[PDB]
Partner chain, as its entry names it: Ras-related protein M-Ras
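Only one chain is included here, represented as structure tokens and corresponding to the form solved without its partner chain.
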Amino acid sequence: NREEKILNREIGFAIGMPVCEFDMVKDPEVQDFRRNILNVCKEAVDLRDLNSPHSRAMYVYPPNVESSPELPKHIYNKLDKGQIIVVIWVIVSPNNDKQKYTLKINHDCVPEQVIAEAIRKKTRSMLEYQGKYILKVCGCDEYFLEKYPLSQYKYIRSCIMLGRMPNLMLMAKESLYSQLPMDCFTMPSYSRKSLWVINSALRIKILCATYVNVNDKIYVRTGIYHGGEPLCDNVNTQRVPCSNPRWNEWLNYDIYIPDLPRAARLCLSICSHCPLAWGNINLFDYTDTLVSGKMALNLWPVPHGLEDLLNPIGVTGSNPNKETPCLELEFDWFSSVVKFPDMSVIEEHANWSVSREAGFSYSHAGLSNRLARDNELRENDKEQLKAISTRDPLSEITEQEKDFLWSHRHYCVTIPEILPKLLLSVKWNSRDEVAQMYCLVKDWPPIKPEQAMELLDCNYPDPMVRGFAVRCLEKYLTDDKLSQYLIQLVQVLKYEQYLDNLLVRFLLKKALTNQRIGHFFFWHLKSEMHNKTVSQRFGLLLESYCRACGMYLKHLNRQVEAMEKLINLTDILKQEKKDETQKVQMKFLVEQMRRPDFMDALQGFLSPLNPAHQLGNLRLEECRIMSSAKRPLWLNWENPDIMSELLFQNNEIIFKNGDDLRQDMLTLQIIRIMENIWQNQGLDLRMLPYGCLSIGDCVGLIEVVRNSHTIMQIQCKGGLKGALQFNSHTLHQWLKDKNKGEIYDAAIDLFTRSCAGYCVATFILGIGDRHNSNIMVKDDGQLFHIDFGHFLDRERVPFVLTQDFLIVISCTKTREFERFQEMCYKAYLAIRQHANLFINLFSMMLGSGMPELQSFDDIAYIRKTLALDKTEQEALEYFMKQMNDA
């Protein structure tokens, strides 16, 4: 009906594919997903409409807050006896005259209390109307709707740290609520055995192949896997000529069918040894059914630099493009459909196995190193389990250590954080052990979200394990932290066996409960729709999101359309007008930007970098085509916020169409985390994790930091014509000229602190080497880095402290450089202590096709730079040596 067909066009524009493509998919799982996911949409809508309009205002404008109200000791010191000075603005006339009221208030004040005192100062002039008012940040669309202490709001904490005066606007409730239009979720047209009693070894037939188009013989190599680990020995068909690709071969593996775990996967590949193509298949379907009968798999091309003939970290499922090597399989058949057993059966088997081992005599337990001896665990080996739990995720557990953990599996519950080590020590090809592990996991106590995230990576495919990890996230993950780790959580969806799972339901709920979260959820999902390995999953999830997010769908289509214009325009530059002058390129740009359909599409929408930023009219006089060969556009928009002068009058963003910005995006995430760690640990090393967002196949947006210049910019602008640019003091003089008088010390102080941070950060992450063009400096002396090209690959210092920077700290033999060295040393230690977090963050990211991050071996570089297997004092000594080598 009318509204449904219009809604489909909108959704089709949002994603990039029409909805009716999903209607044509004749696959029970896809159609079930579309239908069954709608319960989450329904729940999310009902939560929003629960306590209107305030319930719906907090969905659209959620409070951007820190996870804790506790201020680190140095942050509290900046207050005047624990009190912050805030300025409160009121638009009083229809003429829009601004009146400011400055307050000195407690840092932990509730917004309502801050509004009360603002009215007290306003009423003083005259010598009523209580809580009909809300606070807004001047210059952007962020509100303080919730009853948090004022300091806990990020903006106000930033203003404390940076020393800035926070400028808030007082605003009437019904003005905001009026703007929130009544969205209307509607339901779409599409919305409406045997068990372990099988005594046999697993066979799989391989019938033939087609589309094996090529220039020795060929053969199919197969293997049965659980995650990265082979459940048994791999098995191969015979070498037969490529002219007649027909085998007809029942291959017998070394697995009892009853032992096949839930996430068991067949991994196959056609090989000439060189693997020509590959494919993986779940042996169980989404309904717990062991898959039987004839089946056809369209294979994928091999990725570059894949050593083994199989690809078990590879994504499961048939290729969308059916003009690729196709392989016809056939599985076994029995007297009925075979289903994986219920938890009740699994518990009965597990409880049976537990009491049987309770009765094992000394000698019986002698026969296997995996059998627990009850009441014979001493304090020495209890400490060994703690030491094993306190190691990194890339540390190899030996087969003796595995037997050992598993022997003491019941004691491991008293040290919950050991769980990922205990799960890797399980033999996932024993139903006896797996059933006990399920039971241990069922009652396993809650571990921190940071630690839980590891169990969603590619090492832990089992749904009972993943369900627990998701369950921890639901309990302990704040929306702040969800936003922070959102990109990793989006990636690990690729590792899920089925479209309908506990993780995707968790993320979608939050995306639909919190528009900040939904924004980036949409863009992260939309940027990989080119990647046919994930297009159907992400496409269907985007369909469900767009169908249920409300009016924000209209605002996303603005942004999508805006990016389509920029992608269209820059494609014309780097293809049609490839090597013309800057004048002729700029002329062409202006003429095409000024066309009516272009001109409306590129103004009056929300910044995809930060949707609280309204992008008004273009300042085309400030827009330019940049010197980088890929031709990134520098774009300047007006900020149409009434009090834009207070935050920033102009919002300017670099749009780039050509290069992969996913690496830069990951490095900037990490820099922010590292900084949070330091700021919580009490040392103020101010970093600068500016906005960076990938929106497609090598298309993306970069925030411009206002009042910033590269080192060469400082050297040239400060360098006489004819002369050479090599003058090292020129940087120090520039900072001296910008920061005259008593301000000078603060500039040098912020310069050292920021430099010590980017020294430590770049060394650890192994960033691409630093030019004078790569390093930047704000006018107040804040140093930071821009083009983070690659990471993770004797080990390199990327940021070699040349004289220029060292003279600004002072030059080597001084009290100023010693204190700076002590900043770097203490900084490096803090990240070592949190090594597991960063190791886990990178590990969740292997599903992304980032070239510098394909195998776990890539992540190992962090184990070398952080020096984990060494001691802490010897690790500080390692760092000292790598820097003095220079």
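For clarity, a rigid core is taken as the largest C-alpha set superposing within 1.5 Å between two forms. Residue numbers count along the first chain shown, from 1.
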Unresolved residue 216 in a third or more of other entries flanked by modelled residues: yes
Unresolved residue 367 in a third or more of other entries flanked by modelled residues: yes
Gap size, residue 193 back to residue 192 (deposited sequence, no coordinates): 10 or more
Sequence continuity check, residue 344 and residue 345 (deposited residues unmodelled): none
Selected stretch [higher average CA B-factor]: 689-697 or 180-188: 180-188
Residue stretch of maximal mean CA temperature factor, 558-566 vs 345-353: 345-353
Candidate residues 483, 336, 535, 514, the one whose C-alpha B factor the record puts highest: 336
Out of 402, 466, 246, 154, residue topping the C-alpha B-factor column of the entry: 246
Modelled-residue ranking by C-alpha temperature factor, third containing residue 101: middle
For residue 138, the third of its chain into which the C-alpha B factor falls: lowest
Among modelled residues of the same chain, the CA temperature factor third for residue 794: highest
Position of residue 495 among the chain's modelled residues by C-alpha B-factor, lowest, middle or highest third: lowest
Ranked C-alpha temperature factor of residue 21 among modelled chain residues, by third: middle
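One more form of this protein should be noted, the form solved in complex with its partner chain, which is absent from this view; the next part is about it.
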Its partner chain contact in the entry with it bound: residue 199, any heavy atom under 4.5 Å: no
Contact test in the entry with it bound: residue 790 vs its partner chain, heavy atoms, 4.5 Å: no
Residue 288, heavy atom within 4.5 angstroms of its partner chain in the entry with it bound: no
4.5 Å heavy atom contact, residue 243 and its partner chain in the entry with it bound: no
In the entry with it bound, the one of 380, 355, 575, 125 near its partner chain [non-hydrogen atom within 4.5 angstroms]: 125
The single option of 626, 85, 337, 182 touching its partner chain in the entry with it bound, heavy atom within 4.5 Å: 85
Location of its partner chain contact in the entry with it bound, chosen stretch of 775-783, 490-498, 98-106, 565-573 [non-hydrogen atom, 4.5 Å]: 98-106
Residues within stretch 143-169 having a non-hydrogen atom within 4.5 Å of its partner chain in the entry with it bound: 165
Comparing forms between this form and the one not shown after core superposition, the one residue of 287, 617, 77, 96 displaced by 2 Å or more at CA: 96
